[PDB]
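Peer 1: Below is the structure I would like to discuss, written out as C-alpha cells.
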Amino acid sequence: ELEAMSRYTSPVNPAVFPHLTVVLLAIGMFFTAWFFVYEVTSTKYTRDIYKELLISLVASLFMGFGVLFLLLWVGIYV
Amino acid sequence: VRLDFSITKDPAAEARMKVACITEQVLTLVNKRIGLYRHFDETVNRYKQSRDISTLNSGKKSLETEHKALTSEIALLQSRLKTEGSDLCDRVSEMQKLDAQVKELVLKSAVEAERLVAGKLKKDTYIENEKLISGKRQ
Ligand SMILES: CCCCCCCCCCCCCC(=O)O[C@H](COC(=O)CCCCCCCCCC[C@@H](C)CCCCCCCCCCCC(=O)O[C@H](COC(=O)CCCCCCCCCC)COP(=O)(O)OCC[N+](C)(C)C)COP(=O)(O)OCC[N+](C)(C)C
Ligand SMILES: CCCCCCCCCCCCCC(=O)O[C@H](COC(=O)CCCCCCCCCC)COP(=O)(O)OCC[N+](C)(C)C
Ligand SMILES: CCCCCCCCCCCCCC(=O)O[C@H](COC(=O)CCCCCCCCCC)COP(=O)(O)OCC[N+](C)(C)C
Ligand SMILES: [Mg+2]
C-alpha cells in the first residue's frame with residue numbers, strides 16, 4: 001500500500017556534509033602530498049613497492065570520499 | 001618511475017646514487033643505535049641495574065657497531081667515493097664513547113656513591129660528541 005511505508009530520511013544528516021567534506025579532503029590531500037614527496041626524494045635503491053602501494057591506496061580512498069561529499073555539497077546531489 | 005629508457009648509462013652518476021643509498025642506511029642505523037643506547041641507559045640504570053640488562057645492551061651495541069663497520073668497509077671498498085676515513089673515525093670514537101659511558105653508568109648505579117653531577121656531565125659529553133658527529137656526518 002502506501003500507509004505502512006516509512007518516510008525516506010537521508011542516511012547522512014545534510015548538516016554533516018560540510019564537516020565531513022573538509023576532513024575527508026584534508027587527510028586525503030595530506031597523504032597525496034606525502035606520496036608525491038616520496039617519489040621525488042627517494043632514489044632507485046631506496047624504494048619500497050609495498051609502502052608506495054599502501055600510501056597511494058589510503059590517499060585514493062580518502063580522496064574519493066572527500067570529492068564525493070564536496071560534489072554533493074555544492075548541490076549536484078549525484 | 002620504473003622506466004629508464006636510457007641508451008648511454010653513466011656509471012659516474014650511478015656511483016653517487018649507490019653512495020647516497022648507503023649513507024642514508026648508515027645515518028638511520030647510527031641514529032637508531034644512539035637512541036637505543038640512551039633509552040637503555042635511562043630505563044635500566046635508574047637505581048638498580050645488576051649488570052644483566054646493561055650487558056645485553058652492550059652486546060647489542062657491539063653487534064650494531066660490527067654491522068656498521070661491515071657496511072663502512074663495503075662502502076669503502078666497493079663504491080668510488082672514499083666515505084671511509086671520517087666514517088671509520090666517527091665509528092671508532094662513537095663506539096669508544098658509548099662503551100665508556102655504559103661502563104661509567106654501570107659503575108655509578110652499582111656502587112656506594114650515587115653519581116648525579118658526574119652522570120649529568122657524562123650525558124652532556126655524550127651529547128656534545130654526538131653533535132660533533134652529526135656535524136661531521138653531514
Ligand atoms: C588552505 C587550506 C585549504 C583546505 C582545503 C579544504 C577543502 C575545502 C573545499 C572547498 C570548500 C568550498 C565551499 C563551498 O563550496 O561553498 C558553497 C558554494 O558553492 C560554490 O559555488 C563554491 C564551489 C567551489 C568548489 C571548488 C573546489 C575545488 C577544490 C580544488 C582544490 C585545491 C585546494 C588544491 C588544488 C591543487 C592544485 C595542484 C597544483 C599543481 C602543482 C604543480 C607542480 C609544480 C612542479 O612541477 O613542482 C616540481 C616538483 O614536481 C612534483 O613532484 C610536483 C607534482 C605535484 C602533482 C600534484 C600534487 C599536488 C599536491 C598538493 C598538496 C618542481 O620541479 P623541480 O623538482 O625543481 O625540477 C628540477 C628537476 N631536476 C632537474 C631533476 C632537479 C556553499 O554554497 P551553499 O549555499 O551551501 O549551496 C548548497 C545549497 N544546496 C544545493 C545544498 C541546496
Ligand atoms: C574535473 C576534474 C578533473 C581532475 C583532473 C585530475 C588532474 C590529474 C593531475 C595529474 C598529475 C601529473 C603527475 C606528475 O606531475 O608527474 C610528475 C612530473 O612532475 C613534473 O615534473 C611537473 C608536472 C606538473 C604538471 C601538473 C599539471 C596537472 C594539471 C591537470 C589539471 C612525476 O615526476 P617524477 O617521476 O616524480 O620525477 C622524478 C624523477 N626522479 C628520478 C628524480 C625521481
Ligand atoms: C609522432 C611519433 C614520432 C616517432 C619517433 C620515432 C622514434 C625513433 C626511435 C629512435 C630511438 C630513440 C632513442 C631514445 O629513445 O632516447 C631516449 C629519448 O628519446 C628521444 O630522444 C627521441 C625519441 C622520440 C620517440 C617518441 C616516441 C615515444 C613513445 C613511448 C611510448 C632517451 O635518450 P637518453 O640519452 O638515454 O636520455 C637520458 C639522459 N640522462 C641524462 C637522464 C641519462
Ligand atoms: Mg544515486
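Residues in the C-alpha cells are numbered from 1 in each chain, the chains being A, B, ... in the order shown, and ligands are numbered from 1 in the order shown.
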Based on DSSP run over this structure's backbone, return all residues of chain A in alpha helix (DSSP H), as a PyMOL selection string.

Peer 2: chain A and resi 17-41+49-74

Peer 1: Using only C-alpha atoms, select each residue of chain B with any atom at most 8 Å away from an atom of chain A, and give the selection as an mmCIF file with C-alpha atoms, in the first residue's frame.

Peer 2:
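Saved to result.cif:
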```cif
data_model
loop_
_atom_site.group_PDB
_atom_site.id
_atom_site.type_symbol
_atom_site.label_atom_id
_atom_site.label_comp_id
_atom_site.auth_asym_id
_atom_site.auth_seq_id
_atom_site.Cartn_x
_atom_site.Cartn_y
_atom_site.Cartn_z
ATOM 1 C CA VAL B 1 59.252 5.806 -12.051
ATOM 2 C CA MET B 17 73.461 7.092 -6.235
ATOM 3 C CA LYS B 18 74.949 3.959 -4.677
ATOM 4 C CA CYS B 21 71.682 4.982 -0.581
#
```

Peer 1: Grab the CA of residue 5 in chain A to atom 85 (C, counted along the ligand's line) of ligand 1 distance for me, in Å with one decimal place.

Peer 2: 26.4 Å

Peer 1: Per residue of chain A within 7 Å of ligand 1, note the shortest atom pair and the distance in Å to one decimal, counting only C-alpha atoms and all ligand atoms, and order the rows by chain and increasing residue number, as JSON lines.

Peer 2:
```
{"residue": "A:21", "atom": "CA", "partner": "ligand 1", "partner_atom_place_in_ligand_line": "8 (C)", "distance": 6.9}
{"residue": "A:22", "atom": "CA", "partner": "ligand 1", "partner_atom_place_in_ligand_line": "6 (C)", "distance": 4.8}
{"residue": "A:25", "atom": "CA", "partner": "ligand 1", "partner_atom_place_in_ligand_line": "7 (C)", "distance": 5.9}
{"residue": "A:26", "atom": "CA", "partner": "ligand 1", "partner_atom_place_in_ligand_line": "6 (C)", "distance": 5.8}
{"residue": "A:29", "atom": "CA", "partner": "ligand 1", "partner_atom_place_in_ligand_line": "62 (C)", "distance": 5.5}
{"residue": "A:30", "atom": "CA", "partner": "ligand 1", "partner_atom_place_in_ligand_line": "62 (C)", "distance": 6.4}
{"residue": "A:32", "atom": "CA", "partner": "ligand 1", "partner_atom_place_in_ligand_line": "60 (C)", "distance": 6.1}
{"residue": "A:33", "atom": "CA", "partner": "ligand 1", "partner_atom_place_in_ligand_line": "60 (C)", "distance": 4.6}
{"residue": "A:36", "atom": "CA", "partner": "ligand 1", "partner_atom_place_in_ligand_line": "52 (O)", "distance": 5.4}
{"residue": "A:37", "atom": "CA", "partner": "ligand 1", "partner_atom_place_in_ligand_line": "52 (O)", "distance": 6.3}
{"residue": "A:40", "atom": "CA", "partner": "ligand 1", "partner_atom_place_in_ligand_line": "52 (O)", "distance": 5.9}
{"residue": "A:70", "atom": "CA", "partner": "ligand 1", "partner_atom_place_in_ligand_line": "9 (C)", "distance": 6.6}
{"residue": "A:73", "atom": "CA", "partner": "ligand 1", "partner_atom_place_in_ligand_line": "85 (C)", "distance": 5.8}
{"residue": "A:74", "atom": "CA", "partner": "ligand 1", "partner_atom_place_in_ligand_line": "19 (O)", "distance": 4.9}
{"residue": "A:75", "atom": "CA", "partner": "ligand 1", "partner_atom_place_in_ligand_line": "84 (C)", "distance": 3.3}
{"residue": "A:76", "atom": "CA", "partner": "ligand 1", "partner_atom_place_in_ligand_line": "84 (C)", "distance": 6.9}
```

Peer 1: For the residues selected in the previous step, produce a file with C-alpha atoms as a PDB file, in the first residue's frame.

Peer 2:
```
ATOM      1  CA  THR A  21      33.854  17.236   3.300  1.00  0.00           C
ATOM      2  CA  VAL A  22      36.779  19.233   4.705  1.00  0.00           C
ATOM      3  CA  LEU A  25      39.664  16.015   1.829  1.00  0.00           C
ATOM      4  CA  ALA A  26      42.370  17.297   4.181  1.00  0.00           C
ATOM      5  CA  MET A  29      45.320  15.667   0.395  1.00  0.00           C
ATOM      6  CA  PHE A  30      47.913  15.149   3.121  1.00  0.00           C
ATOM      7  CA  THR A  32      48.635  12.559  -1.553  1.00  0.00           C
ATOM      8  CA  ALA A  33      51.328  15.144  -0.845  1.00  0.00           C
ATOM      9  CA  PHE A  36      54.491  12.751  -4.352  1.00  0.00           C
ATOM     10  CA  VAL A  37      57.238  13.875  -1.976  1.00  0.00           C
ATOM     11  CA  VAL A  40      60.897  12.808  -5.802  1.00  0.00           C
ATOM     12  CA  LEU A  70      32.167  18.065  -1.834  1.00  0.00           C
ATOM     13  CA  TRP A  73      27.801  19.638  -1.009  1.00  0.00           C
ATOM     14  CA  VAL A  74      27.665  22.156  -3.845  1.00  0.00           C
ATOM     15  CA  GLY A  75      24.254  20.710  -4.695  1.00  0.00           C
ATOM     16  CA  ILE A  76      24.756  18.336  -7.593  1.00  0.00           C
TER      17      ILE A  76
END
```

Peer 1: Between CA of residue 77 in chain A and CA of residue 27 in chain A, what distance in Å does the model show, to one decimal?

Peer 2: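 Going from CA of residue 77 in chain A over to CA of residue 27 in chain A covers 22.9 Å.
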
Peer 1: Measuring atom to atom with only C-alpha atoms and all ligand atoms, identify which of A:17, A:62, A:50, A:34 is nearest to ligand 2.

Peer 2: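 Closest residue, counting only C-alpha atoms and all ligand atoms: A:34.
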
Peer 1: Report, in Å to a single decimal, how far apart CA of residue 46 in chain B and CA of residue 118 in chain B are.

Peer 2: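 Calculated distance between CA of residue 118 in chain B and CA of residue 46 in chain B is 14.2 Å.
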
Peer 1: Which residues of chain B come within 12 Å of ligand 3, and for each one, what is the closest pair of atoms and their distance in Å to one decimal, counting only C-alpha atoms and all ligand atoms, sorted by chain and residue number, as a tab-separated table?

Peer 2:
```
residue	atom	partner	partner_atom_place_in_ligand_line	distance
B:3	CA	ligand 3	30 (C)	10.5
B:4	CA	ligand 3	36 (O)	7.8
B:5	CA	ligand 3	32 (C)	5.4
B:6	CA	ligand 3	36 (O)	3.0
B:7	CA	ligand 3	36 (O)	4.1
B:8	CA	ligand 3	36 (O)	5.6
B:9	CA	ligand 3	43 (C)	6.2
B:10	CA	ligand 3	43 (C)	7.0
B:11	CA	ligand 3	43 (C)	10.3
B:12	CA	ligand 3	43 (C)	11.2
B:13	CA	ligand 3	43 (C)	9.0
B:14	CA	ligand 3	43 (C)	10.2
```

Peer 1: Go ahead and write the selection's residues with N, CA, C and O atoms as a PDB file, in the first residue's frame.

Peer 2:
```
ATOM      1  N   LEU B   3      60.683   3.129 -15.482  1.00  0.00           N
ATOM      2  CA  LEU B   3      61.136   3.023 -16.863  1.00  0.00           C
ATOM      3  C   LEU B   3      62.353   3.916 -17.062  1.00  0.00           C
ATOM      4  O   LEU B   3      62.276   5.131 -16.860  1.00  0.00           O
ATOM      5  N   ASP B   4      63.470   3.310 -17.465  1.00  0.00           N
ATOM      6  CA  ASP B   4      64.723   4.036 -17.649  1.00  0.00           C
ATOM      7  C   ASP B   4      64.819   4.653 -19.041  1.00  0.00           C
ATOM      8  O   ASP B   4      65.010   5.865 -19.177  1.00  0.00           O
ATOM      9  N   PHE B   5      64.707   3.823 -20.081  1.00  0.00           N
ATOM     10  CA  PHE B   5      64.724   4.270 -21.475  1.00  0.00           C
ATOM     11  C   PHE B   5      66.011   5.004 -21.835  1.00  0.00           C
ATOM     12  O   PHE B   5      66.030   5.817 -22.759  1.00  0.00           O
ATOM     13  N   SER B   6      67.098   4.732 -21.121  1.00  0.00           N
ATOM     14  CA  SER B   6      68.364   5.406 -21.363  1.00  0.00           C
ATOM     15  C   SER B   6      69.280   4.529 -22.205  1.00  0.00           C
ATOM     16  O   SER B   6      69.303   3.305 -22.048  1.00  0.00           O
ATOM     17  N   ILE B   7      70.039   5.164 -23.095  1.00  0.00           N
ATOM     18  CA  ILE B   7      70.926   4.451 -24.008  1.00  0.00           C
ATOM     19  C   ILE B   7      72.323   4.366 -23.412  1.00  0.00           C
ATOM     20  O   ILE B   7      72.842   3.272 -23.166  1.00  0.00           O
ATOM     21  N   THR B   8      72.946   5.520 -23.181  1.00  0.00           N
ATOM     22  CA  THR B   8      74.287   5.592 -22.614  1.00  0.00           C
ATOM     23  C   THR B   8      74.164   5.786 -21.107  1.00  0.00           C
ATOM     24  O   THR B   8      73.815   6.876 -20.642  1.00  0.00           O
ATOM     25  N   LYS B   9      74.450   4.733 -20.348  1.00  0.00           N
ATOM     26  CA  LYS B   9      74.394   4.793 -18.895  1.00  0.00           C
ATOM     27  C   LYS B   9      75.720   5.308 -18.350  1.00  0.00           C
ATOM     28  O   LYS B   9      76.783   4.771 -18.678  1.00  0.00           O
ATOM     29  N   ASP B  10      75.653   6.347 -17.519  1.00  0.00           N
ATOM     30  CA  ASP B  10      76.847   6.935 -16.938  1.00  0.00           C
ATOM     31  C   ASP B  10      77.116   6.292 -15.588  1.00  0.00           C
ATOM     32  O   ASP B  10      76.331   6.495 -14.649  1.00  0.00           O
ATOM     33  N   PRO B  11      78.194   5.518 -15.436  1.00  0.00           N
ATOM     34  CA  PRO B  11      78.487   4.930 -14.123  1.00  0.00           C
ATOM     35  C   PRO B  11      78.944   5.955 -13.106  1.00  0.00           C
ATOM     36  O   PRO B  11      78.833   5.704 -11.902  1.00  0.00           O
ATOM     37  N   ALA B  12      79.464   7.099 -13.555  1.00  0.00           N
ATOM     38  CA  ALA B  12      79.881   8.138 -12.620  1.00  0.00           C
ATOM     39  C   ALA B  12      78.687   8.711 -11.869  1.00  0.00           C
ATOM     40  O   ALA B  12      78.780   9.010 -10.672  1.00  0.00           O
ATOM     41  N   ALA B  13      77.556   8.876 -12.556  1.00  0.00           N
ATOM     42  CA  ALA B  13      76.343   9.357 -11.910  1.00  0.00           C
ATOM     43  C   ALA B  13      75.624   8.265 -11.132  1.00  0.00           C
ATOM     44  O   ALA B  13      74.803   8.579 -10.266  1.00  0.00           O
ATOM     45  N   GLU B  14      75.912   6.993 -11.421  1.00  0.00           N
ATOM     46  CA  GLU B  14      75.333   5.900 -10.648  1.00  0.00           C
ATOM     47  C   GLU B  14      76.135   5.620  -9.383  1.00  0.00           C
ATOM     48  O   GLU B  14      75.581   5.131  -8.389  1.00  0.00           O
TER      49      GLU B  14
END
```

Peer 1: For range 84-96 of chain B, please output as a VMD selection string all residues within 9 Å (counting only C-alpha atoms; exclusion window: fewer than 3 positions along the same chain).

Peer 2: chain B and resid 30 34 61 to 62 65 68 to 69 72 to 73 75 to 77 81 99 to 101 126 129 to 130 133 136 to 137
